[PDB]
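Written below as structure tokens is the structure these notes are about.
Bear in mind these aren't lab numbers, they're just calculated from the coordinates by the rules spelled out. With ideal geometry, Cβ positions are generated from the backbone for all residues, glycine too; neighbour counts draw on all protein chains shown.
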Amino acid sequence: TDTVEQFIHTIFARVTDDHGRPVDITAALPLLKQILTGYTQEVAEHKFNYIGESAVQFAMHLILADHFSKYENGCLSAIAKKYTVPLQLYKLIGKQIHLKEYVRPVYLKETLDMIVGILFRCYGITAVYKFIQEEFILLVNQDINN
Amino acid sequence: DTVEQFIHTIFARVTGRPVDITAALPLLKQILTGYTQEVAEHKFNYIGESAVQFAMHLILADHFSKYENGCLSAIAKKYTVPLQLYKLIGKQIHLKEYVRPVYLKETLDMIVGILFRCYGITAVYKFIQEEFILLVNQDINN
């Protein structure tokens, strides 16, 4: 419970509004509590994992367009294609937010997809962008270094 | 007919409260004449291509929510390069035939990129939803 509350704080610490102020945690908090502590699926109808998977793809494209704008679209697409299943990004984010160290890839992916979907539904794509950008920009810069 | 006809057709899609056209109007005028060199750094085509993919996933989650994610992923995979969606939207906003067909997708991607930057993903969703939902219902029926 301390671990869960700390984990949820670590998630909110990454998410700010357009003026870099904390977001209103009111909507997201009970949704995160349900997916992190619930022994049953109570928010299946919300398709958070499905939306999260898609939102991460869109956020990566926005980060590439924003940070790597001097490059040909075909070159940004080449970079993005390495992350169509972004397990390397998710492993790096999981490490940073002290998610379980020895977590199976499919469960890691589903868990982070669900968190991203909740952040998207509550706060829009800037929350997803901010959630992934530090680790994603690190990986892309390594890709470009070869 | 005019650039203004295309602009009003685009804006009428993304209301029923009107949008503020201040920001989008000059951007749409540039790209609809083909003057895309001034907007190169904004990457509107790249962002638009990606925004269409995301908006389709949102429409599937919102309108086909009863279906297994597996079934939604199967449907979405058909639209990875959604040429039938681009053609149907082009027809609906009365875009004329370009000198080469590549300009249809480029024009619609740039429109979607501008709509996303000015109004966010809800504008992209509203811009594509009627044509996309029609195609997905054809897939679901056929």
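The table that follows gives values for the structure above.
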| read-out | value |
| --- | --- |
| Cα long-axis angle, helix A:105-123 against chain A (0 to 90 degrees, to the nearest 10) | 80 degrees |
| Restricting the stretch B:92-142 to GluC sites (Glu not before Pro) in coil, as DSSP defines it, with at most 12 other Cβ within 10 Å | B:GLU97 |
| Sparse-neighbourhood loop sites, trypsin sites (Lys or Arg not before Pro) in the stretch B:24-112 - DSSP loop, at most 14 other Cβ within 10 angstrom | B:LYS66, B:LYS78, B:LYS96 |
| Whole-Hz couplings from phi, Karplus 6.51/-1.76/1.60, listed for the stretch B:53-58; x for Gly and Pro | 4, 5, 4, 4, 4, 4 |
| Percent RCO, i.e. relative contact order, over chain A, from Cα pairs under 8 Å lying at least 6 residues apart | 37 percent |
| Nonlocal amide H pairs with A:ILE97, under 5 Å, H built at 1.01 Å | none |
| Loop sites in the stretch A:1-50: GluC sites (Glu not before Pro), DSSP, at most 13 other Cβ within 10 Å | A:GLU42 |
| In order through the stretch B:81-89: 3J(HN,Hα) via Karplus (6.51 cos²θ - 1.76 cosθ + 1.60), integer Hz, x for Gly, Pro | 10, x, 4, 5, 5, 4, 4, 5, 5 |
| Check: the protein assembly as shown dipole with +1 on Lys, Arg Cβ and -1 on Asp, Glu Cβ, in debye | 380 debye |
| Contact order normalised by residue count of the stretch B:78-142, Cα under 8 Å, 6+ apart, percent | 35 percent |
| Karplus (6.51, -1.76, 1.60) ³J(HN,Hα), θ = phi - 60°, over the stretch A:22-28, in Hz, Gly and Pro reported as x | x, 7, 6, 7, 3, 6, 5 |
